[PDB]
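*Asks:* One structure, as C-alpha cells, below. Some questions next.
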Amino acid sequence: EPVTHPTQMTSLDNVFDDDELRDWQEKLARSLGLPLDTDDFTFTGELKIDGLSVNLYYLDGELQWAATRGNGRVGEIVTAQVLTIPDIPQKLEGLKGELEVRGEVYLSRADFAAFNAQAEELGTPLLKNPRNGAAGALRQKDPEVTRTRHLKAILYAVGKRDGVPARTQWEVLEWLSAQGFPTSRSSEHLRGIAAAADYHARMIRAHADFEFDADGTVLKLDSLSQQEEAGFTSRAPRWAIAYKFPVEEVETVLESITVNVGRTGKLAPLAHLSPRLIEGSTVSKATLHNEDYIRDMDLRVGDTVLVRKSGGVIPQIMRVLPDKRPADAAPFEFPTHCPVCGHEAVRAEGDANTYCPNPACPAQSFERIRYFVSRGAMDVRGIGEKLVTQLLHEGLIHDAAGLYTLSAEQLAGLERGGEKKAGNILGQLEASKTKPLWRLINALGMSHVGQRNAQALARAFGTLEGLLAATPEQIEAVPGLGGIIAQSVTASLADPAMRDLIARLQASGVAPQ
Ligand SMILES: [Mn+2]
Ligand SMILES: [Mn+2]
Ligand SMILES: [Zn+2]
Ligand SMILES: [Zn+2]
Ligand SMILES: [Zn+2]
Ligand SMILES: [Zn+2]
C-alpha cells in the first residue's frame, strides 16, 4: 500500500574518478559563495550499499510505518517485514515530533549466493543482483518469508528531524547508534577532499573483505547548516554525492562446458575458464544458467569472454569477444540425454530448464525417495534421511519400489539393532498401499507436478490404468495443467525407469483408493 514520504527521498550524483571529485568540491564551494580554492570542508563517509533504500517514520517517538523509496515521494508500506529485521526499535523516549530515519536494507553475501545456488540446481527463478534480492525479501505478503531470509538493514541518515539535537552529520550517526539503531561499522569523520579520496581508496581495497556488497562510498557535508543551504540540483543535492567503485571485469578464455544434474533434475550447465584472479580469489568456474542463456549469449565453446562476480560473489559471465574468436569454434550442441544416467532429457514448451525423467539418475535417487516418504506423499514415518542414505550406500533399494521388497531382517539387521522400529517402518508401507491415488502421482516426484497438480491429475482420470493409458492430447486437456505441466507429465510416463518403478510398485501390491 502506497504512502507519501514526509520529506522527499532525493537521489545522489555520481563521481567515478578523482577529477570528478574535484569538480564536485568546486561545485559545492561555488554553491555556497566561497573562494574556489578551499579545503576546509569537513565530510562524513558512509558506504553505498547494494540493497534497497527504506524510510522509517516516528511520530511522538513511537513508530508509525516502514516504507520503501518507491519514486522518491511515494513509497510502499512494508511495515511488518521491516520489523522482522532484528535491531529495529519502535519507541523512543523523551522524543516528541516527526522523526524520519532513512536507511538501506541489504542482504548478506553468503545468504545471497546460497539463494541463487538453491535456484541453480532447482530451476526456480534466480536473483539478478543484491538490490532485487533485498526487494524480493521485503515485498512478500508473509513476513515469515522475510524472517527466514536473515534480512539485515543499516540506517545512515535522517530527514524530518523534529526533536533531534544533532547539528552535524557525524553527531547524527552518533545519535542514531545511541538510540539503538543498526549503524554502519565503517563510517569516518573526514576533513578535506584529500582525506575523502583516501577514505574512498581504502574502501576500494576493502571491497572484497565485507559481509555485504558495497558498490561505492557516500560523501556528505558535515555541517547541517551548510546542507540546508547548498540545496538540490533537481534530482540530487549539492551537499552529498556517491563515489562509485571501479568496475571489476576480467577478460579470460572459455575452455570446457560441463553439465550437472540437480537433485530435482535440473540439467544445469557449468562453464570452465582459465583461472584468473578477481579482487582476491581465483575464479575458474562460472554459472551458465540454462540453454537459452547460452544460445542468446552466443557462447560457442572455446570463445574468449569477459567475466565478473555478481555483487562480488557469484561468478557469472558477461559477453563474448568476436575479435578473438577461433574460426573453428562451433556452437555448443546442447546435450539431449542425461549425462549421468543416460535416459532422455526433454524440456517443456516455455520452461527454460531441461530436467531429467525418473530415479535411475543418482542425482535424483535420494531426493525422490525421501519425497516419496514425506507427509505430502505416502506418509511413511520412520524412514529418515539417515536411513535412506544407508540403503543407498549398501545398495538394497534402486527406486521407491525397493522399499516394499525389503524384509524385516534387512531393516532390523542394521545400526543400533532396531527391531521394533523396523516393525513400525514396515507397517507404514502396507498402510501406504491403500492410500488415495492422488498421493501416489505426487510421490513419483515429476517436474512441476506438485500436491495440487497431482490432485487435478487424479480427478482427471480416477483410475491408475487410465493415467498410464491416455494419449498426450487427452492429458493436456485437463483443467489446471496446460501445455507446460502436462507436457512434463507425458515425458515421465514415457520413460522406462518410471514405467519400471510403477510396475514394481503395483507388483508389490499398490491399489489406491
Ligand atoms: Mn561491489
Ligand atoms: Mn553490486
Ligand atoms: Zn576523470
Ligand atoms: Zn543468513
Ligand atoms: Zn536406466
Ligand atoms: Zn538422469
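Please note that chains go A, B, ... in the order of the C-alpha cells, that every chain numbers its residues from 1, and that ligands are numbered from 1 in the order shown.
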Per residue of chain A within 6 Å of ligand 1, which atom pair is closest and at what distance in Å (one decimal), using only C-alpha atoms and all ligand atoms, listed by chain and increasing number, as a Markdown table?
*Replies:*
```
| residue | atom | partner | partner_atom_place_in_ligand_line | distance |
| --- | --- | --- | --- | --- |
| A:213 | CA | ligand 1 | 1 (Mn) | 4.8 |
| A:214 | CA | ligand 1 | 1 (Mn) | 4.8 |
| A:215 | CA | ligand 1 | 1 (Mn) | 4.1 |
| A:311 | CA | ligand 1 | 1 (Mn) | 5.1 |
| A:312 | CA | ligand 1 | 1 (Mn) | 5.1 |
```
*Asks:* Write a file of the selected residues as a PDB file, in the first residue's frame, keeping N, CA and C atoms.
*Replies:*
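Writing the result to out23.pdb gives the following:
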```pdb
ATOM      1  N   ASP A 213      27.685  -6.430  -0.095  1.00  0.00           N
ATOM      2  CA  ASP A 213      28.190  -5.776  -1.295  1.00  0.00           C
ATOM      3  C   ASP A 213      28.115  -4.264  -1.133  1.00  0.00           C
ATOM      4  N   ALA A 214      29.260  -3.601  -1.269  1.00  0.00           N
ATOM      5  CA  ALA A 214      29.349  -2.145  -1.262  1.00  0.00           C
ATOM      6  C   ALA A 214      29.874  -1.707  -2.622  1.00  0.00           C
ATOM      7  N   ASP A 215      29.024  -1.048  -3.400  1.00  0.00           N
ATOM      8  CA  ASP A 215      29.379  -0.602  -4.747  1.00  0.00           C
ATOM      9  C   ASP A 215      29.698   0.888  -4.769  1.00  0.00           C
ATOM     10  N   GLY A 311      27.467  -9.008  -7.515  1.00  0.00           N
ATOM     11  CA  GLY A 311      27.590  -8.499  -6.164  1.00  0.00           C
ATOM     12  C   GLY A 311      28.913  -8.786  -5.494  1.00  0.00           C
ATOM     13  N   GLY A 312      29.932  -9.176  -6.255  1.00  0.00           N
ATOM     14  CA  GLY A 312      31.205  -9.534  -5.668  1.00  0.00           C
ATOM     15  C   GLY A 312      31.292 -10.951  -5.156  1.00  0.00           C
TER      16      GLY A 312
END
```
*Asks:* May I have a table of the residues of chain A lying at most 10 Å from ligand 2, giving each one's closest pair of atoms and their distance in Å to one decimal, counting only C-alpha atoms and all ligand atoms, ordered by chain and ascending residue number, as JSON lines?
*Replies:*
```
{"residue": "A:48", "atom": "CA", "partner": "ligand 2", "partner_atom_place_in_ligand_line": "1 (Mn)", "distance": 9.8}
{"residue": "A:49", "atom": "CA", "partner": "ligand 2", "partner_atom_place_in_ligand_line": "1 (Mn)", "distance": 8.3}
{"residue": "A:50", "atom": "CA", "partner": "ligand 2", "partner_atom_place_in_ligand_line": "1 (Mn)", "distance": 5.6}
{"residue": "A:51", "atom": "CA", "partner": "ligand 2", "partner_atom_place_in_ligand_line": "1 (Mn)", "distance": 8.9}
{"residue": "A:128", "atom": "CA", "partner": "ligand 2", "partner_atom_place_in_ligand_line": "1 (Mn)", "distance": 10.0}
{"residue": "A:129", "atom": "CA", "partner": "ligand 2", "partner_atom_place_in_ligand_line": "1 (Mn)", "distance": 6.6}
{"residue": "A:130", "atom": "CA", "partner": "ligand 2", "partner_atom_place_in_ligand_line": "1 (Mn)", "distance": 6.5}
{"residue": "A:131", "atom": "CA", "partner": "ligand 2", "partner_atom_place_in_ligand_line": "1 (Mn)", "distance": 8.2}
{"residue": "A:212", "atom": "CA", "partner": "ligand 2", "partner_atom_place_in_ligand_line": "1 (Mn)", "distance": 9.3}
{"residue": "A:213", "atom": "CA", "partner": "ligand 2", "partner_atom_place_in_ligand_line": "1 (Mn)", "distance": 5.7}
{"residue": "A:214", "atom": "CA", "partner": "ligand 2", "partner_atom_place_in_ligand_line": "1 (Mn)", "distance": 6.7}
{"residue": "A:215", "atom": "CA", "partner": "ligand 2", "partner_atom_place_in_ligand_line": "1 (Mn)", "distance": 5.4}
{"residue": "A:216", "atom": "CA", "partner": "ligand 2", "partner_atom_place_in_ligand_line": "1 (Mn)", "distance": 9.2}
{"residue": "A:245", "atom": "CA", "partner": "ligand 2", "partner_atom_place_in_ligand_line": "1 (Mn)", "distance": 9.7}
{"residue": "A:247", "atom": "CA", "partner": "ligand 2", "partner_atom_place_in_ligand_line": "1 (Mn)", "distance": 9.7}
{"residue": "A:309", "atom": "CA", "partner": "ligand 2", "partner_atom_place_in_ligand_line": "1 (Mn)", "distance": 8.5}
{"residue": "A:310", "atom": "CA", "partner": "ligand 2", "partner_atom_place_in_ligand_line": "1 (Mn)", "distance": 6.3}
{"residue": "A:311", "atom": "CA", "partner": "ligand 2", "partner_atom_place_in_ligand_line": "1 (Mn)", "distance": 3.7}
{"residue": "A:312", "atom": "CA", "partner": "ligand 2", "partner_atom_place_in_ligand_line": "1 (Mn)", "distance": 6.3}
{"residue": "A:313", "atom": "CA", "partner": "ligand 2", "partner_atom_place_in_ligand_line": "1 (Mn)", "distance": 9.1}
```
*Asks:* Could you pull out the strand (DSSP E) residues of segment 282-359 of chain A, going by DSSP on the backbone, and write them as a PyMOL selection string?
*Replies:* chain A and resi 282-287+304-310+314-320
*Asks:* Those same residues - N, CA, C and O atoms - I'd like them written as an mmCIF file, in the first residue's frame.
*Replies:*
```cif
data_model
loop_
_atom_site.group_PDB
_atom_site.id
_atom_site.type_symbol
_atom_site.label_atom_id
_atom_site.label_comp_id
_atom_site.auth_asym_id
_atom_site.auth_seq_id
_atom_site.Cartn_x
_atom_site.Cartn_y
_atom_site.Cartn_z
ATOM 1 N N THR A 282 40.694 -16.635 -6.982
ATOM 2 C CA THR A 282 40.952 -17.034 -8.361
ATOM 3 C C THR A 282 39.727 -17.777 -8.882
ATOM 4 O O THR A 282 39.436 -18.894 -8.443
ATOM 5 N N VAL A 283 39.014 -17.157 -9.815
ATOM 6 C CA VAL A 283 37.792 -17.726 -10.370
ATOM 7 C C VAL A 283 38.145 -18.560 -11.594
ATOM 8 O O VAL A 283 38.868 -18.101 -12.486
ATOM 9 N N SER A 284 37.637 -19.793 -11.634
ATOM 10 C CA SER A 284 37.838 -20.675 -12.774
ATOM 11 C C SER A 284 36.559 -21.330 -13.270
ATOM 12 O O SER A 284 36.570 -21.905 -14.364
ATOM 13 N N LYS A 285 35.467 -21.267 -12.512
ATOM 14 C CA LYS A 285 34.190 -21.845 -12.907
ATOM 15 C C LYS A 285 33.118 -20.771 -12.802
ATOM 16 O O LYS A 285 33.063 -20.042 -11.807
ATOM 17 N N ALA A 286 32.273 -20.672 -13.827
ATOM 18 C CA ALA A 286 31.251 -19.637 -13.897
ATOM 19 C C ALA A 286 29.881 -20.263 -14.110
ATOM 20 O O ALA A 286 29.747 -21.264 -14.820
ATOM 21 N N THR A 287 28.867 -19.658 -13.494
ATOM 22 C CA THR A 287 27.497 -20.138 -13.626
ATOM 23 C C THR A 287 26.997 -19.931 -15.051
ATOM 24 O O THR A 287 27.135 -18.841 -15.616
ATOM 25 N N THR A 304 36.727 -16.419 -26.176
ATOM 26 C CA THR A 304 37.311 -15.558 -25.156
ATOM 27 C C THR A 304 36.244 -14.581 -24.682
ATOM 28 O O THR A 304 35.604 -13.913 -25.500
ATOM 29 N N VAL A 305 36.049 -14.502 -23.365
ATOM 30 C CA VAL A 305 34.901 -13.809 -22.800
ATOM 31 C C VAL A 305 35.331 -12.895 -21.662
ATOM 32 O O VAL A 305 36.431 -13.004 -21.116
ATOM 33 N N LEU A 306 34.428 -11.985 -21.309
ATOM 34 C CA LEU A 306 34.549 -11.136 -20.136
ATOM 35 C C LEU A 306 33.735 -11.741 -18.998
ATOM 36 O O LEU A 306 32.696 -12.367 -19.224
ATOM 37 N N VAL A 307 34.217 -11.559 -17.768
ATOM 38 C CA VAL A 307 33.590 -12.182 -16.608
ATOM 39 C C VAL A 307 33.769 -11.278 -15.396
ATOM 40 O O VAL A 307 34.766 -10.562 -15.270
ATOM 41 N N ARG A 308 32.782 -11.310 -14.507
ATOM 42 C CA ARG A 308 32.826 -10.583 -13.243
ATOM 43 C C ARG A 308 32.206 -11.481 -12.177
ATOM 44 O O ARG A 308 32.050 -12.692 -12.368
ATOM 45 N N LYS A 309 31.843 -10.891 -11.039
ATOM 46 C CA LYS A 309 31.144 -11.599 -9.974
ATOM 47 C C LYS A 309 29.938 -10.778 -9.540
ATOM 48 O O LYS A 309 30.074 -9.596 -9.208
ATOM 49 N N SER A 310 28.760 -11.403 -9.556
ATOM 50 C CA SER A 310 27.516 -10.707 -9.245
ATOM 51 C C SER A 310 27.491 -10.315 -7.774
ATOM 52 O O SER A 310 27.490 -11.180 -6.891
ATOM 53 N N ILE A 314 28.989 -14.266 -6.773
ATOM 54 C CA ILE A 314 28.633 -15.302 -7.742
ATOM 55 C C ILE A 314 29.313 -15.037 -9.079
ATOM 56 O O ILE A 314 29.043 -14.011 -9.719
ATOM 57 N N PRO A 315 30.185 -15.931 -9.547
ATOM 58 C CA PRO A 315 30.843 -15.709 -10.840
ATOM 59 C C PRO A 315 29.922 -15.980 -12.020
ATOM 60 O O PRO A 315 29.639 -17.137 -12.346
ATOM 61 N N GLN A 316 29.442 -14.919 -12.662
ATOM 62 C CA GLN A 316 28.650 -15.032 -13.876
ATOM 63 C C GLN A 316 29.400 -14.378 -15.029
ATOM 64 O O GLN A 316 30.232 -13.488 -14.826
ATOM 65 N N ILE A 317 29.098 -14.830 -16.244
ATOM 66 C CA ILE A 317 29.799 -14.368 -17.436
ATOM 67 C C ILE A 317 29.226 -13.026 -17.876
ATOM 68 O O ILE A 317 28.157 -12.612 -17.413
ATOM 69 N N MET A 318 29.937 -12.334 -18.767
ATOM 70 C CA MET A 318 29.497 -11.045 -19.288
ATOM 71 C C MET A 318 29.066 -11.166 -20.746
ATOM 72 O O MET A 318 27.868 -11.156 -21.036
ATOM 73 N N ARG A 319 30.010 -11.282 -21.674
ATOM 74 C CA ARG A 319 29.687 -11.349 -23.093
ATOM 75 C C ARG A 319 30.855 -12.001 -23.824
ATOM 76 O O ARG A 319 31.832 -12.438 -23.210
ATOM 77 N N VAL A 320 30.747 -12.061 -25.148
ATOM 78 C CA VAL A 320 31.746 -12.707 -25.981
ATOM 79 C C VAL A 320 32.628 -11.647 -26.627
ATOM 80 O O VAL A 320 32.287 -10.463 -26.690
#
```
*Asks:* Please provide the set of residues having any atom within 6 Å of segment 428-441 of chain A, restricted to only C-alpha atoms, with same-chain residues fewer than 2 positions apart removed, written as a PyMOL selection string.
*Replies:* chain A and resi 377-378+380+425-426+443-444+454-455+458+510-513
*Asks:* Output C-alpha atoms of each residue in that selection to a file, as a PDB file, in the first residue's frame.
*Replies:*
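Once everything was written out, this is out_13.pdb:
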```pdb
ATOM      1  CA  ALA A 377       3.171 -38.077  -0.312  1.00  0.00           C
ATOM      2  CA  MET A 378       2.742 -41.583   1.092  1.00  0.00           C
ATOM      3  CA  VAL A 380       5.837 -43.253   5.875  1.00  0.00           C
ATOM      4  CA  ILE A 425       8.593 -48.755   9.463  1.00  0.00           C
ATOM      5  CA  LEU A 426       7.212 -51.891   7.797  1.00  0.00           C
ATOM      6  CA  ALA A 443       5.058 -39.181  -4.622  1.00  0.00           C
ATOM      7  CA  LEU A 444       6.553 -40.031  -8.026  1.00  0.00           C
ATOM      8  CA  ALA A 454      -1.397 -34.290  -8.685  1.00  0.00           C
ATOM      9  CA  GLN A 455      -4.912 -33.878  -7.273  1.00  0.00           C
ATOM     10  CA  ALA A 458      -6.221 -37.638 -10.146  1.00  0.00           C
ATOM     11  CA  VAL A 510      -0.418 -50.897  -4.592  1.00  0.00           C
ATOM     12  CA  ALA A 511      -4.173 -50.472  -5.140  1.00  0.00           C
ATOM     13  CA  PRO A 512      -5.023 -46.823  -4.426  1.00  0.00           C
ATOM     14  CA  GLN A 513      -8.336 -45.547  -3.100  1.00  0.00           C
TER      15      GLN A 513
END
```
*Asks:* Considering only C-alpha atoms, return as a PyMOL selection string whatever protein or nucleic-acid residues lie within 8 Å of segment 60-66 of chain A, sequence-local ones (same chain, fewer than 4 positions apart) excluded.
*Replies:* chain A and resi 54-56+77-80+82+89-99
